[PDB]
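Visitor: Let me begin by handing over the structure; questions about it come next.
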There are 2 protein chains.
Amino acid sequence: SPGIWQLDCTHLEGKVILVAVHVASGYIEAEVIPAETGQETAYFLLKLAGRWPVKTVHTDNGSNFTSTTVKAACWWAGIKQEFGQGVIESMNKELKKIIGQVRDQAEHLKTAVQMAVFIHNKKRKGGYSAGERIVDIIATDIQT
Amino acid sequence: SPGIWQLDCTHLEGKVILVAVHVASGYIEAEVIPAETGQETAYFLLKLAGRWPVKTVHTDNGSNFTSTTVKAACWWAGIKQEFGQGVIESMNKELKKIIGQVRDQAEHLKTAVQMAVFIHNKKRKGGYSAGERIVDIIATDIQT
Ligand SMILES: [Cl-]
Ligand SMILES: [Cl-]
């Protein structure tokens, strides 16, 4: 399903990383956030939904989506909580792997995360990349 | 050309907004940044390039791209400075228009910007939306 995303946080070096995975393609978007708050998650969601067609968001920590600030962002953006796992487990551990491998290519973690996001979305797997699959899946879906 | 982006900053309420426009489609990505520094622009660029195929970046303030931190991000990500304007002028003023119209739908400017980014990328113009045009242009280009 073209509009389903998975969202979780992961910790590294005393910092929080928010990771969103487009489930049908394995494409990721991540950000280093100051703290694991409702505000940060709501904000991230509103950004994601202006960039990709976000219909439903799945998470492995259900309580992350209970703040007033997260429901308000999902209400405004039209998002529902997905109620329907191999790809996501692979994508997150893979992310930390690439983070580990590019960590010395940058001073701060936040740069290293974006370098790993880039590496991950471009790597062909076969065999297209996740970034090629997500636009392929979205382009086909637009046209009926 | 599918990989050309335009980047500028704009000021509103004492704050800086970074606005990137995919030139062939009119699709936008924006962020409210703390300050107009080289670090912030480099970071934004590295994020953009892990999300969309960024080949060349055009700007209306050439000196924005002279810091060591911006050239390092463009060097790493493979980006060059575009050396080759109606769409972008329309897209930026339009952004402030929509920012003006949704400003009371949120407490902070940064939420309002993302609500305007969303509104802008989804609005059909005809007649597809910018978000539909950018994946159409990228999907076609992938396949030869
Ligand atoms: Cl750095
Ligand atoms: Cl707000």
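So you can find residues: chains in the structure tokens are A, B, ... in the order shown, residues in each start at 1, and ligands are numbered from 1 in order.
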Name all residues at most 6 Å from range 51-64 of chain B (count only C-alpha atoms; drop same-chain ones fewer than 4 positions away) and give them as a ChimeraX atom specification.
Guide: /B:3-8,79-82
Visitor: Take the selection from the previous step and output its residues with N, CA, C and O atoms, as a PDB file, in the first residue's frame.
Guide:
```pdb
ATOM      1  N   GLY B   3      17.007  17.189 -12.190  1.00  0.00           N
ATOM      2  CA  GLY B   3      17.822  17.379 -11.039  1.00  0.00           C
ATOM      3  C   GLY B   3      18.111  18.823 -10.656  1.00  0.00           C
ATOM      4  O   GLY B   3      19.024  18.939  -9.841  1.00  0.00           O
ATOM      5  N   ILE B   4      17.451  19.852 -11.232  1.00  0.00           N
ATOM      6  CA  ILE B   4      17.814  21.217 -10.874  1.00  0.00           C
ATOM      7  C   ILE B   4      16.866  21.734  -9.787  1.00  0.00           C
ATOM      8  O   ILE B   4      15.651  21.637  -9.851  1.00  0.00           O
ATOM      9  N   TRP B   5      17.411  22.296  -8.755  1.00  0.00           N
ATOM     10  CA  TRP B   5      16.717  22.870  -7.641  1.00  0.00           C
ATOM     11  C   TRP B   5      17.207  24.324  -7.493  1.00  0.00           C
ATOM     12  O   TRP B   5      18.316  24.660  -7.912  1.00  0.00           O
ATOM     13  N   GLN B   6      16.371  25.110  -6.867  1.00  0.00           N
ATOM     14  CA  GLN B   6      16.603  26.486  -6.558  1.00  0.00           C
ATOM     15  C   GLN B   6      16.512  26.619  -5.051  1.00  0.00           C
ATOM     16  O   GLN B   6      15.516  26.173  -4.483  1.00  0.00           O
ATOM     17  N   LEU B   7      17.481  27.315  -4.458  1.00  0.00           N
ATOM     18  CA  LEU B   7      17.372  27.467  -3.012  1.00  0.00           C
ATOM     19  C   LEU B   7      17.505  28.922  -2.592  1.00  0.00           C
ATOM     20  O   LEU B   7      18.457  29.565  -3.055  1.00  0.00           O
ATOM     21  N   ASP B   8      16.672  29.410  -1.704  1.00  0.00           N
ATOM     22  CA  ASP B   8      16.809  30.763  -1.195  1.00  0.00           C
ATOM     23  C   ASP B   8      16.355  30.836   0.251  1.00  0.00           C
ATOM     24  O   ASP B   8      15.703  29.893   0.721  1.00  0.00           O
ATOM     25  N   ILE B  79      26.803  17.379  -5.567  1.00  0.00           N
ATOM     26  CA  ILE B  79      26.032  18.481  -6.121  1.00  0.00           C
ATOM     27  C   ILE B  79      26.914  19.544  -6.797  1.00  0.00           C
ATOM     28  O   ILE B  79      27.949  19.859  -6.254  1.00  0.00           O
ATOM     29  N   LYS B  80      26.518  20.110  -7.918  1.00  0.00           N
ATOM     30  CA  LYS B  80      27.179  21.280  -8.495  1.00  0.00           C
ATOM     31  C   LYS B  80      26.250  22.510  -8.477  1.00  0.00           C
ATOM     32  O   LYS B  80      25.014  22.534  -8.323  1.00  0.00           O
ATOM     33  N   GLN B  81      26.902  23.655  -8.577  1.00  0.00           N
ATOM     34  CA  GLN B  81      26.186  24.949  -8.569  1.00  0.00           C
ATOM     35  C   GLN B  81      25.657  25.225  -9.971  1.00  0.00           C
ATOM     36  O   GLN B  81      26.448  25.164 -10.911  1.00  0.00           O
ATOM     37  N   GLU B  82      24.339  25.379 -10.103  1.00  0.00           N
ATOM     38  CA  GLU B  82      23.749  25.588 -11.432  1.00  0.00           C
ATOM     39  C   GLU B  82      24.187  26.933 -12.016  1.00  0.00           C
ATOM     40  O   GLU B  82      24.147  27.960 -11.327  1.00  0.00           O
TER      41      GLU B  82
END
```
Visitor: At a cut-off of 12 Å, can you tabulate as CSV every residue of chain B near ligand 2 together with its closest atom pair and the distance in Å to one decimal, using only C-alpha atoms and all ligand atoms and ordering rows by chain then number?
Guide:
```
residue,atom,partner,partner_atom_place_in_ligand_line,distance
B:102,CA,ligand 2,1 (Cl),11.6
B:103,CA,ligand 2,1 (Cl),10.1
B:104,CA,ligand 2,1 (Cl),9.7
B:105,CA,ligand 2,1 (Cl),8.1
B:106,CA,ligand 2,1 (Cl),4.5
B:107,CA,ligand 2,1 (Cl),4.1
B:108,CA,ligand 2,1 (Cl),4.9
B:109,CA,ligand 2,1 (Cl),7.9
B:110,CA,ligand 2,1 (Cl),7.8
B:111,CA,ligand 2,1 (Cl),5.6
B:112,CA,ligand 2,1 (Cl),7.8
B:113,CA,ligand 2,1 (Cl),10.7
B:114,CA,ligand 2,1 (Cl),10.6
B:115,CA,ligand 2,1 (Cl),10.5
```
Visitor: Taking into account only C-alpha atoms, which residue in the set A:2, A:118, A:99, A:9 is nearest to residue 73 in chain B?
Guide: A:118
Visitor: Would you list, as a ChimeraX atom specification, the residues of chain B that end up in helix (DSSP H, G or I) under DSSP run on this structure's backbone?
Guide: /B:38-51,62-65,68-77,86-105,109-122,130-142
Visitor: Find the residues near residue 137 in chain B: any atom within 12 Å, counting only C-alpha atoms, skip ones fewer than 4 places away on the same chain, and give them as a ChimeraX atom specification.
Guide: /A:135-136,138-139 /B:1-4,22-27,52-53,128,130-133,141-144
Visitor: Please, could you write that set of residues out with N, CA, C and O atoms as a compact mmCIF listing (two decimals), in the first residue's frame?
Guide:
```
# COMPACT_ATOMS: atom_id res chain seq x y z
N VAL A 135 9.47 6.40 -5.95
CA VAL A 135 8.78 7.21 -6.97
C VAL A 135 8.05 6.32 -7.97
O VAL A 135 6.96 6.70 -8.37
N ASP A 136 8.60 5.17 -8.36
CA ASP A 136 7.88 4.21 -9.20
C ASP A 136 6.53 3.85 -8.59
O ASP A 136 5.50 4.08 -9.23
N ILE A 138 4.78 5.47 -6.30
CA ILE A 138 3.87 6.62 -6.31
C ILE A 138 3.44 7.03 -7.72
O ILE A 138 2.26 7.36 -7.92
N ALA A 139 4.33 7.03 -8.70
CA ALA A 139 3.96 7.44 -10.06
C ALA A 139 2.89 6.54 -10.67
O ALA A 139 1.93 7.01 -11.26
N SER B 1 14.93 20.15 -16.68
CA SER B 1 15.98 19.20 -16.18
C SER B 1 15.60 18.72 -14.79
O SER B 1 15.35 19.48 -13.86
N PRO B 2 15.41 17.40 -14.67
CA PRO B 2 14.95 16.73 -13.47
C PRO B 2 15.72 16.90 -12.16
O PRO B 2 15.15 16.72 -11.09
N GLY B 3 17.01 17.19 -12.19
CA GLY B 3 17.82 17.38 -11.04
C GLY B 3 18.11 18.82 -10.66
O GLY B 3 19.02 18.94 -9.84
N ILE B 4 17.45 19.85 -11.23
CA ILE B 4 17.81 21.22 -10.87
C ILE B 4 16.87 21.73 -9.79
O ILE B 4 15.65 21.64 -9.85
N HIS B 22 11.82 22.59 -6.68
CA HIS B 22 12.30 21.77 -7.78
C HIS B 22 11.79 22.53 -9.03
O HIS B 22 10.58 22.64 -9.29
N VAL B 23 12.71 23.05 -9.82
CA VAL B 23 12.39 23.90 -10.97
C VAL B 23 11.48 23.32 -12.02
O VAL B 23 10.43 23.93 -12.27
N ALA B 24 11.64 22.10 -12.50
CA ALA B 24 10.78 21.51 -13.52
C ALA B 24 9.37 21.24 -13.07
O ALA B 24 8.46 21.21 -13.91
N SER B 25 9.07 21.15 -11.77
CA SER B 25 7.71 20.88 -11.30
C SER B 25 7.14 21.96 -10.42
O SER B 25 5.93 21.94 -10.25
N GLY B 26 7.89 22.85 -9.80
CA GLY B 26 7.25 23.76 -8.83
C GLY B 26 7.04 23.17 -7.43
O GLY B 26 6.63 23.86 -6.47
N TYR B 27 7.60 21.96 -7.18
CA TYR B 27 7.48 21.30 -5.88
C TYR B 27 8.38 21.96 -4.87
O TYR B 27 9.51 22.31 -5.16
N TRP B 52 15.97 13.41 -2.83
CA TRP B 52 15.56 13.62 -4.23
C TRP B 52 16.85 13.59 -5.00
O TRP B 52 17.82 13.93 -4.33
N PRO B 53 16.89 13.28 -6.28
CA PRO B 53 18.13 13.28 -7.00
C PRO B 53 18.62 14.70 -7.21
O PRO B 53 18.11 15.33 -8.15
N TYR B 128 -2.27 18.57 -12.85
CA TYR B 128 -1.71 17.85 -11.71
C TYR B 128 -1.15 18.81 -10.68
O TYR B 128 -1.17 20.03 -10.83
N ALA B 130 2.07 19.94 -8.07
CA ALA B 130 3.53 19.89 -8.07
C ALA B 130 4.07 18.54 -7.55
O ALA B 130 5.01 17.95 -8.13
N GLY B 131 3.48 18.01 -6.48
CA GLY B 131 3.93 16.74 -5.96
C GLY B 131 3.72 15.58 -6.93
O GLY B 131 4.62 14.74 -7.09
N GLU B 132 2.60 15.59 -7.65
CA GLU B 132 2.41 14.63 -8.75
C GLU B 132 3.38 14.87 -9.89
O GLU B 132 3.91 13.89 -10.42
N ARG B 133 3.62 16.12 -10.30
CA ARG B 133 4.58 16.38 -11.37
C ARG B 133 5.98 15.93 -10.95
O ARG B 133 6.66 15.26 -11.74
N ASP B 141 12.13 9.79 -15.93
CA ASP B 141 13.57 9.92 -16.07
C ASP B 141 14.34 8.68 -15.65
O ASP B 141 15.36 8.38 -16.28
N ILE B 142 13.91 7.96 -14.62
CA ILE B 142 14.59 6.76 -14.16
C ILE B 142 14.65 5.73 -15.29
O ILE B 142 15.66 5.11 -15.56
N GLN B 143 13.49 5.56 -15.91
CA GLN B 143 13.30 4.59 -16.97
C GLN B 143 13.73 5.14 -18.32
O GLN B 143 12.93 5.33 -19.24
N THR B 144 15.03 5.39 -18.46
CA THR B 144 15.67 5.92 -19.63
C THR B 144 15.28 7.37 -19.90
O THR B 144 16.07 8.27 -19.54
```
Visitor: List the neighbours of residue 39 in chain A out to 9 Å using only C-alpha atoms; skip same-chain residues closer than 3 positions along the sequence, and give me the result as a VMD selection string.
Guide: chain A and resid 36 42 to 44 67 69 to 70
Visitor: Tell me, in Å to one decimal, how far CA of residue 32 in chain B is from CA of residue 18 in chain B.
Guide: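 Here the two named atoms are 6.2 Å from each other.
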